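So this first bit is one chain, no partners, the form deposited in one PDB entry, shown in structure tokens.
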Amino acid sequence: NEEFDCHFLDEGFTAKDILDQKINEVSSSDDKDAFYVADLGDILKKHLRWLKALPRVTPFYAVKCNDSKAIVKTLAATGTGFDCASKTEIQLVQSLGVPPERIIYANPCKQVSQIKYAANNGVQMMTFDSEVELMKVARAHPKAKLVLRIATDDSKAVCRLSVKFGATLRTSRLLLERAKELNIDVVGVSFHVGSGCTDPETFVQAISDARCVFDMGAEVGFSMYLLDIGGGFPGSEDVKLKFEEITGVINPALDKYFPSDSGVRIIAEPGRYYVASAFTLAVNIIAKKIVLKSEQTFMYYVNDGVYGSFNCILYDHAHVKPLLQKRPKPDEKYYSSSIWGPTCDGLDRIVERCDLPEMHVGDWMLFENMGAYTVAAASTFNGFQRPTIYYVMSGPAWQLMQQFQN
């Protein structure tokens, strides 16, 4: 089974070269299903980079971003924590041998039976942001260590009047007092700035707000020690606001509001940072139409779409950039083109308009940075199966993973 099958990446070869090779091998096979190449070594590189940029912050990987068992196994060997949102994710993490103290149940609104599942399996730390959640915890997991999730302002959000998660400071005070009444232990504070962060100062504000709630806890008699700064960090360099800019703004704020001598323990919940760039998707052009506007335009149909990997266009506000597998000659002509998914849906369209050389059925298109919120949310609408994932890892990357295990 390919789930736990990993291939060697030879010296001097990158995931890109492996992609080229696999494509050339099937040139006349006629079996040209879409497929992923996933470089686990890129995940190890991301971990080293995190250790360098955020030395005070323990990463808890957000399983929901991509729950591939190979990914979770690699990260567990690396020694990260895991942020789990449901019973199934907890089951996945524990099946790989991760002890419960490396799991945070960071879902603020949890079904009671799933809270009980967490309690049965020793997962003690959970987040919350409402009084009803406190009632549920008191009845189903009374010895849990609760982390109060506070609200953060996203000025760019589509729905700004109705925020799904996060308590205001005013509500946070009442929640701390209520938890004290119910004899429930609150041990920290969490927040989530969001993937669509444009200004790193948002983090500063969140950290400042977190400190405020910490002070409230001290007033009510809690011994607060856990600060969870959430996720939202970029997973590729193809972004305006790069990881290191964010961390360069975060670390002084952490030192100012949560100095190390205070005894605070700082964690994060990065999802896309670890996995986005590790996965590259190859889709095959399965159909083609030429529309005359005599300026020629083209419609290409590929065998992955908005019901599959490209659901990220709708759910994750993703902007995907098609890349050519075979290097184009410098002089060849480009045409206005659209790219469509395989399903019956007229809205199953990947790219409305782009410039491409004339391509043919059987040619491949590549999409980089497809690791995050792509396969995790794919469906089998129309009966189309999920692309196979080929995991690769070089020898030196495996050695680095061994060093992390030691």
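Rigid core: the largest C-alpha set superposing within 1.5 Å between the two forms. The first residue of the sequence shown is number 1, and the count goes up from there.
Another form, the form deposited in another entry, is not on view; read the next lines as being about it.
Per-residue Cα shift between this form and the one not shown after core alignment stays below 2 Å for all of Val147, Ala179, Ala206, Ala318 except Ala318. The rigid-core alignment places the CA of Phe384 2 Å or more apart between this form and the one not shown. Relative to the superposed core, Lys164 undergoes a Cα shift of 2 Å or more between this form and the one not shown. Whereas the displayed form keeps them at a certain spacing, the CA atoms of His317 and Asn66 lie at least 3 angstroms farther apart in the other entry. Contraction of the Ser95-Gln385 CA spacing by 3 Å or more is recorded in the other entry, set against this form.
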